[PDB]
């Protein structure tokens, strides 16, 4: 795991406790201490700082909107910086990041600078939906030069799915849209490709959907 | 600045 | 709490342009303001701290100014790596807060969307829920309006949109508008149309089909 890489379950049921860990390290001198932070990102609310603590101390700083649901901890034995979010709701579905902040006092000739680094985020979704593989429906052409065809990947949970065309061979002109959560609680997206219409006779067009959480692979040939 | 450590 | 308002929410520019994002704090944050760059899949990356200090490794094409309440990030010789979202972060007091973000997008010649409509197959109707897919392919700029008309009645509220990131080679966008109905209202109606308005279109373009 890279530095500040977040790990934990990607799906939590409502009312349950989201629990994440973060890969942290010690400084290069015994005086070094960092400020470790949990931050989260949603489409509507954008970025939200959840809370944090100095690696020096046992004290925690919080966001007032979340404080009584947040437990921020450290376990140097496992190189872990941990978040526990209790009483979780669907509003807590987000990408979770860790950040490390420290001022740089290396030298009388290098000082005043700073490190403020974020690790790779982890998508955590809060829902009661069961893990289910997707249903793949071909989107078949209904003029000249180019035609569009595609695949509808509907009613799956959780994220993500990987979509390829012709087993990864076809990549040019492919648009796989971000998934959208439907009212039923399951995700749906479309993957489309525009091809020269002349090739409709020549070329076979197959969309391959891979959903690892349900260990499902679907191959769907798209014909007229 | 708030919430920021120090490295040496 | 302390909130940061960023302007504009979105910004389209050309190669070589000098572009500016503005952020204000709801109070004095004397100099404790940072600018981050976030590419679509990646984590935010520090560009500027203490409102004007360029972080080691970041190109001097990025510069920052401001104090007190008002701050600016300027990207001078705009380059392809500059297409991203840019956030300001206040670290004056707890909790740390972020601006809403600003997208930097690439200007190109206006391209009208190529419109296609895909009616549901046999299998989708028997699944209990049908999704009619309207595709707007390879257009610019990103702003586009898609309406759904079912037997001449607007039903756009039953549809939702999903847009690609800007393509790295043609600088265009693609959008999907999916109208999802149950099999019963779907079989209750016959004409399904999606109507697209875009500044590259003189008049709206409607693509429709008859169920069955």
Looking for something within 13 Å of chain A (Cβ to nearest Cβ), at negative phi and in a loop (DSSP other than H, G, I, E, B) - is there at least one such residue anywhere in segment C:10-24? no
Can you tell me how many residues in segment A:190-206 are at the interface with another protein chain (Cβ under 7 Å from one of its Cβ atoms) and under 27 Å from the mean Cα position of the chain (by Cα)? 2
Single residue of segment C:162-171 satisfying the filter (closer than 16 Å to residue C:15 by Cβ and out of contact with any helix residue (DSSP H, G or I) (no Cβ under 9 Å at 6 or more places or on another chain)) that is surrounded by the fewest Cβ atoms within 10 Å (Cβ to Cβ): C:169
Run residue C:129 past the list (1) over 18 Å from residue A:220 (Cα atoms); (2) under 28 Å from the mean Cα position of the chain (by Cα) and report the number of the one that doesn't hold. (2)
Could you tell me whether residue A:206 is surrounded by 15 or more Cβ atoms within 10 Å (Cβ to Cβ), under 19 Å from residue C:178 (Cβ atoms) and not assigned by CATH to the domain that holds residue A:43? no
Only one of C:114, C:183, C:145 that is over 30 Å from residue A:67 (Cβ atoms), in contact with a strand residue (DSSP E or B) (Cβ under 9 Å, 6 or more places away or on another chain) and buried (at least 16 other Cβ atoms within 10 Å of the Cβ): C:114
Single residue of A:131, A:125 found to be closer than 13 Å to residue A:10 by Cα, over 14 Å from the mean Cα position of the chain (by Cα) and away from chain B (no Cβ under 14 Å): A:131
Does segment A:14-63 hold any residues that are within 17 Å of the chain's Cα centre (by Cα) and not in a strand (DSSP E or B), and which are they? A:43, A:44, A:45
Checked C:98, C:87, C:71 against criteria (outside the structural domain of residue C:195 (by CATH), over 21 Å from the mean Cα position of the chain (by Cα), crowded, with 17+ Cβ neighbours inside 10 Å and farther than 23 Å from residue A:152 by Cβ); the one match is C:71
How many of the residues making up segment A:20-44 are crowded, with 16+ Cβ neighbours inside 10 Å and away from chain B (no Cβ under 14 Å)? 6
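Reconstructed Cβ throughout: ideal geometry from the backbone, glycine too, with neighbour counts over all protein chains shown. Basis: the model, the stated rules and, where named, an outside source; none is laboratory data.
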